[PDB]
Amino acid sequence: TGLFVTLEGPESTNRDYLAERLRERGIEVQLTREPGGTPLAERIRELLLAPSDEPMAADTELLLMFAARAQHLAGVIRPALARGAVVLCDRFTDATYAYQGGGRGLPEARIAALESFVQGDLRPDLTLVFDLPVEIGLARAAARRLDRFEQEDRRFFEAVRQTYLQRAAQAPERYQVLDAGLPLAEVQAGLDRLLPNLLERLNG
């Protein structure tokens, strides 16, 4: 039956730390990320992130995101959950609501229609939102060539951050919001702290 956990936030050792703590307990952990997660899904990821002179329609972006999600769900996520694993997935449909919804301005109802179409009843059991002011995360990206999303403006990323926060506030039972700026030791302490509940979810 497993547990489907997703990790979200604006633009790594967090997931690894959580994975190590779970494995120590004999729990199988499947690490993955979106868009991507399978060879085909990664090829779709490439098209989505590559800058181009041709404008990508909002609907195209949304449909490609969901095409990669369908492949990833079928190939990686569902099988893992069927083995009883905890899936730790970097980004999922919350990112679609934030980026394609908040950022692009596509209506929530249309994103929800595809969510249902692609996922059926399946939703993450828990979503960890690593929150951070937009400028700091874009500077982090700027510090390492920016892809199609990374090169968007302030309005865009502010919509992204606030969409994440609003969805978490609306269904607090499904989310935990963390401050992604804390000292490493203090981040890990927060990860330790959320672990008992994660295990209660799995064993529930």
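Here the rigid core means the biggest group of C-alpha atoms that line up within 1.5 Å when the two forms are laid on top of each other. Quick note: we count residues from 1 along the sequence shown, nothing fancier.
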_Stretch 181 to 189 versus stretch 15 to 23: after rigid core alignment, which one is farther off in C-alpha RMS in 6 other deposited structures of this protein?_
181 to 189
_Other entries modelling both neighbours but not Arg33, at least a third_ = no
*Would you mind checking whether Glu152 is unresolved in the model of at least a third of the other PDB entries compared?*
no
*Chain break class at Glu11/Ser12 - deposited residues not modelled*: 4 to 9
_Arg154 to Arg155: deposited residues without atomic coordinates_ = none
_Between the two ranges 64 to 72 and 45 to 53, the one averaging a larger CA B factor in the entry_ = 45 to 53
*Averaging C-alpha B-factors over each stretch, which comes out higher, 82 to 90 or 128 to 136?*
128 to 136
*Compare the CA B factors listed in the entry for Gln176, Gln162, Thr32, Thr38 and report the winner.*
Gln162
